[PDB]
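Take a look at this one chain, the form deposited in one PDB entry, written out in structure tokens.
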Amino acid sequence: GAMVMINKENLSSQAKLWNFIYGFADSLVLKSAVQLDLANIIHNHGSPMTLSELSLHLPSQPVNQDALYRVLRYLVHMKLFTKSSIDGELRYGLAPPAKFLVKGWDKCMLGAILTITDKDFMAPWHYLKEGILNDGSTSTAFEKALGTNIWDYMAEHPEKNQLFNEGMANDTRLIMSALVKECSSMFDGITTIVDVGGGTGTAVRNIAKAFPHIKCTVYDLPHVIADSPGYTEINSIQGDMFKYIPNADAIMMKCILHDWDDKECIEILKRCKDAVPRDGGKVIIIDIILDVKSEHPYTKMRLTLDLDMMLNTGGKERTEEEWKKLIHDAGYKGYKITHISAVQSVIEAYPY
């Protein structure tokens, strides 16, 4: 018949399953740590704090200190926070990865955390089985969970629109420094650049500051431009990139093409190719490159973004070979990849 176990089963193997089952506890404990603002209370204090001292500084009163102690115990085991005995008291501090929970610098990841761990925005992941056994539905998991496609949903839910746009703002803050410094030569000779699907303008505001002689434009759907601050020297245009892309010396698209299937990407890439000059025009794509042959620090979260696209947008994350095919099919002459030690890489696509 079947396998019969006769000696002790491996505890580590079973623990690996329990840790996968409860993966959501890491996401949702982290969310609570962010909502309580623990890392910033400690960082501002400048030294480890007792349970009582932390409690006195929390966002509201009163505080259940038993609950706080037990969440902190979990956070210490995550190696995000520390706990030690100092001068006769137990005090809580920050471990090195907690720096990404500290406000005031480009790699603070708080906006992204609050977007991704939002209850409504997690709901699509419960429809993953229905993405494979689709019973002949063509809708995304986002539509099954929340009623309509992501972008129309954002147009009808202003607070959700804002939360998502700030997550994207954050995502872009993580890479701008590397972009404008390491990839400064990409901006040479450009007099105009349009950020297609540029969101609430983080990328253009940073490019415009680093390169004062380039006239920058942000272009997105009306409900996103409506959630943006006013601009002085930067053009803000609203519209639909499938029907119109503002012409310029260069087009940039960050986290756009991974929202769309290959047919749609080719339509967008053709529209971009015809928006830039034959003479040194270029299209700057910023998106993940999936390595399916070797492992990198961001490999796990890049595969996670592949399914995030599958459920939320209808898109995908692509390997270099897939990018090559898409860029070829849109009729470009060639492409060049630049790594910037980020989740995304830069792919410059060059027309004839």
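Counting begins at 1, following the sequence as shown. In this text, the rigid core denotes the largest set of C-alpha atoms whose superposition between the two forms falls within 1.5 Å.
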| property | result |
| --- | --- |
| Other entries modelling both neighbours but not residue 111, at least a third | no |
| Other PDB entries, at least a third, lacking residue 166 | no |
| Greater mean Cα temperature factor according to the PDB record, 243 to 251 or 86 to 94 | 86 to 94 |
| Residue range whose averaged C-alpha B-factor is higher in the record, 12 to 20 or 326 to 334 | 326 to 334 |
| Among 28, 68, 292, 307 - the residue whose C-alpha B-factor is largest in the record | 292 |
| Which of 194, 203, 275, 80 ranks first by CA B-factor in the deposited coordinates | 275 |
| Chain-wide C-alpha B factor ranking for residue 34, given as lowest, middle or highest third | lowest |
| Third of chain Cα B-factors occupied by residue 187 | highest |
| Record-listed C-alpha B factor of residue 266: chain third | highest |
| Among modelled residues of the same chain, the CA temperature factor third for residue 46 | highest |
| Third assignment of residue 282 from its chain's C-alpha B-factors | highest |
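Missing here is the form deposited in another entry; even so, the following discussion is about that form.
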| property | result |
| --- | --- |
| Residue among 110, 71, 275, 94 whose Cα moves 2 Å or more between the shown form and the other one, once the rigid core is superposed | 275 |
| Exceeds or equals 2 Å, Cα of residue 23 between the shown form and the other one, core fit | no |
| Core-aligned C-alpha movement of residue 85 between the shown form and the other one reaching 2 Å | no |
| Rigid-core frame, C-alpha of residue 325, shift of 2 angstroms or more between the shown form and the other one | yes |
| Change in CA distance between residue 209 and residue 100 in that other deposited form, which is 3 Å or more, as closer or farther | farther |
